[PDB]
C-alpha cells in the first residue's frame, strides 16, 4: 500500500465535518463570485473566466510547465476555461475544444474574452469514440472522481490509453489530468509514458485536498514516484493539525476583443 492509497483510505474514513474542514485546508482558492454574477447576468465582456480551470492552467503556464502555441486541442473542455485562457496566449493561433455535454455534464459557455474568435467549442462529443488529429498543444482535463481508488485508477488508465493516440502525433506542448497517480501500476505506467513522451507530474495548489489529482505537463521533468509521494505527503500532513486558512487570490482576467 502506497502513501496515496493510505491517504484515500484516511479520507474515506473521515467524518463529514472533518471532511468539510479538510477539503480546502490551506489550499489556494480563486475569487469567483463576481464572475458568477456577471456570467449569469449575461456579461460577455469584462474578461470573466467561465470556470476555475482558467486559474489552474494559468498557474501551470506562468511557471513554465507548458508553453501553448499553434493549434490547441482541449479534450473535455467543459465550459471552456482552459480554451478561453489558451486563446489569450501570443503563440496560440487556434483553439478547438471538445466536451461530452448532455445530462450530468457541463455545456460550453459562449463568452467574448480576448481571442474568442479563434475558439470553437464542440459539445456532444465522446473523445473516447473520436479519431485523433494533429495538434501543437494537447490539453486534457478528464477524470471523474470516485470513492473507490480502483475505479479512479481504471478511469485514469482509460484516459492515458485514450491520450496515447493523440500524443503519437507528437506535440509539442501538453497538459493532461492524472486523477489517480498514487497506485503502483499507475506510477509504473506513468514512468513508462514519461520515458516515451517526456514531461512530468505537477501538483497544482488550486486543487482541493480531497483529490490527489496531478497534471502531466511537457515542460516539467521529474521522478514520478518522488513527486507523487511528495504530493501524498502534503495531503497526509494536512489531516493532522488544525485547519489552515485558505489562501484566496484574484481570479484571472481574460480581457476582451478579437485577434
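Positions refer to the first chain, counted from 1.
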| property | result |
| --- | --- |
| 217-225 versus 204-212 - greater average Cα B-factor per the deposited record | 217-225 |
| Stretch exceeding the other in mean C-alpha B-factor - 189-197, 230-238 | 189-197 |
| Top Cα B factor in the deposited entry, candidates 131, 125, 135, 178 | 125 |
| Relative C-alpha B-factor of residue 101, binned into the chain's lowest, middle or highest third | highest |
| Position of residue 46 among the chain's modelled residues by C-alpha B-factor, lowest, middle or highest third | highest |
| Modelled-residue ranking by C-alpha temperature factor, third containing residue 163 | highest |
| CA B-factor ranking of residue 55, expressed as a third of its chain | lowest |
| Cα B factor band for residue 184 (lowest, middle or highest third within the chain) | highest |
